[PDB]
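There is one chain below, alone, in structure tokens, taken in the form deposited in one PDB entry.
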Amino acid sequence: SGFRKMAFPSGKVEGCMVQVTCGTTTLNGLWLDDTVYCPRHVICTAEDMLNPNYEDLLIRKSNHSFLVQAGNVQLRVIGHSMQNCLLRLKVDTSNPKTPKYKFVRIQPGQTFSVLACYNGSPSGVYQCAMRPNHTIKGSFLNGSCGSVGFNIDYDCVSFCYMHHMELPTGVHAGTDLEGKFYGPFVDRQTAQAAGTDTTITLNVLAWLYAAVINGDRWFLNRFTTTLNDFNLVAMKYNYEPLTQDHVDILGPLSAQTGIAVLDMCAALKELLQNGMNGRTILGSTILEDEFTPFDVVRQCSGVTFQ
């Protein structure tokens, strides 16, 4: 029983964190096998970030312009190249702690664990969701660039995010491990701003199912609703439009609890219109949207209290 915003164990990722320095800038790098991945802006000086031409700035560097350190030990870079917004540094030795892994680009609404690091050392781990607007509401301080987001399936680590910057509102932006930004953001100092955001409807529904699985159903009702009728209401509350695909995804959860998806949508509709009246769901006073249906199934019992 119980329900927490839990992250994946971070050990497999901790063993891949290193420090990367160029000039006076230092940040984190991801060391897999004989390669180290890090934000390309590590090569930028103060004035460079205003309007940097990375191709021009990088061609002026050599392998020895980069100082990679695993702990206090230096790793000799024997090659370098740029891949979109990331730098790929080849080193003269392999990381024996490299776990089975793959590079994946996630979709907004999905969740992942983040191992916040500073100077190549782990600070903490937390779970979050990529907002529909591609930003993440993380906890990063200066020097956290290069920290990565990931998910773990069995013993295979799927890296999906590398931290690059913080926007005006205090939210964060980054890229996948191929160096491609999530969102319209760019790695330079400009008037960038997070776009409009919405609540991840699919996740809120998944969360309501988690509550039922855990024995609570005070928010249910005798009504049902049309997908369209639900969206007409939900969209008024800044909720992401729900599609048939989302409904289908909730199938397993629906089957385990005996509550039809549209019936749960009817419950959510009522919660949005009438509020929670001082009550709580899984200990929360607000509707949580950082748990995907997959997260709920993974954390909750396969058998509902009843």
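Quick note: we count residues from 1 along the sequence shown, nothing fancier. C-alpha atoms forming the largest set that superposes within 1.5 Å between two forms make up the rigid core.
Annotation: of the segments 213-221 and 140-148, 140-148 departs further from this form in 9 other deposited structures of this protein (C-alpha atoms, root mean square over structures and residues, core superposition). Of the two stretches examined, 263-271 and 48-56, the record assigns the greater average C-alpha temperature factor to 48-56. Looking at mean Cα B-factors across 188-196 and 207-215, the upper value is held by 188-196. Listed residues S65, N28, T243, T35 were ranked by CA B-factor as deposited; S65 comes out on top. The residue among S123, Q74, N133, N84 whose C-alpha atom has the highest B-factor in the PDB entry is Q74. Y101 sits in the middle third of its chain by CA B factor, as recorded in the PDB entry. Sorting the modelled residues of the chain by their CA temperature factor places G79 in the highest third. Among the modelled residues of the chain, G174 sits in the lowest third by CA temperature factor in this PDB entry.
Among the modelled residues of the chain, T24 sits in the highest third by CA temperature factor in this PDB entry.
Sort the modelled residues of the chain by CA B factor and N221 lands in the middle third.
Although it is not shown, the form deposited with a partner chain bound is what the next lines describe.
Scanning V104, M165, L220, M82 against its partner chain in the entry with it bound with a 4.5 Å heavy atom cut-off leaves one residue, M165. The partner is absent here, but in the entry with it bound a heavy atom of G143, alone among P99, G143, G109, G179, sits within 4.5 Å of its partner chain.
At the 4.5 Å threshold, heavy atoms of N95 stay clear of its partner chain in the entry with it bound, well away from it. In the entry with it bound, its partner chain sits within 4.5 Å of a heavy atom of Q192. Within this chain, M49 lines the site of its partner chain in the entry with it bound, having a heavy atom no more than 4.5 Å away.
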